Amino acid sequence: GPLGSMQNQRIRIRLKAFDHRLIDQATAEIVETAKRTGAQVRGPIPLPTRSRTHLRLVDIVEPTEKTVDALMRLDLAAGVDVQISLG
């Protein structure tokens, strides 16, 4: 069933990639999707590169059903790993 109002819940996203161009494009796409959605963005921030892997963190606050649906529809490029949670 539907996720309900998601009061006080946050979407937390961690991105990884070997290609910094791909990671920054995916980050931008996630930000745009969230903001067009009526949600707010925290970050994104870069972390220090580890084992030649670029890392970004971004969160989405006050997500709506339209936010979640827009994120699902978004096609993220091959070569970027996205870990995502809601709570």
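Just count from 1 along the sequence shown to find any residue number.
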Residue 50 - which third its CA temperature factor falls in, relative to the rest of the chain: middle
Residue 16 CA temperature factor, ranked by third within the chain: lowest
Chain thirds of CA B-factor: placement of residue 23: lowest
Residue 61 CA temperature factor, ranked by third within the chain: middle
